[PDB]
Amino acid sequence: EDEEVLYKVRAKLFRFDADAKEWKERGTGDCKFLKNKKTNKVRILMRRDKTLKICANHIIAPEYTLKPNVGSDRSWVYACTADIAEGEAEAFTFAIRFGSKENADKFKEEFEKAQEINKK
């Protein structure tokens, strides 16, 4: 790999479907923060258990903000402007849920550290 793993955590990812006004699960597996050894840019790369299919692939943009979901104390929702998991870069409203509040808070800490690395 041309990338260093900064953080790895088990997570479930959702995307908001505005039409059906509901959260639709996109995958479950290891969410990884990967630092490109050439550009030093940190991305989220998430693969599904067993199929290993990509369900998240985007830069941790400095302009993104993690917000609580009304339902959860172990989730974050954020707008992503360019995710290439399904191919052509698309904008999503994402929600990512972890096994515990501690995992979610640790994720937030790591996501901010990555935002600062990406500011350089």
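Don't overthink the numbering: it's just position in the shown sequence, from 1.
K.L.:
Just the C-alpha B-factor column, please: which of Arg74, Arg26, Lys37, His58 has the biggest number?
P.N.:
In this record, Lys37 carries the highest C-alpha B-factor of the candidates.
K.L.:
Going by the CA temperature factor in the PDB record, which third of the chain does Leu13 belong to: lowest, middle or highest?
P.N.:
Bottom third by C-alpha B-factor.
K.L.:
Would the CA B-factor of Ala20 place it in the lowest, middle or highest third of its chain?
P.N.:
CA B-factor rank for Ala20: highest third.
K.L.:
Please place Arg47 in the lowest, middle or highest third of its chain by C-alpha B factor as given in the entry.
P.N.:
Ranked within chain, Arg47 CA B lands in the lowest tercile.
K.L.:
What third of its chain's C-alpha B-factors does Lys67 belong to: lowest, middle or highest?
P.N.:
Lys67: CA B-factor falls in the middle third of its chain.
K.L.:
Taking the chain's C-alpha temperature factors as the reference, tell me which third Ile54 falls into: lowest, middle or highest.
P.N.:
For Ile54, whose C-alpha B-factor we compare with every modelled residue in the chain, the answer is the lowest third.
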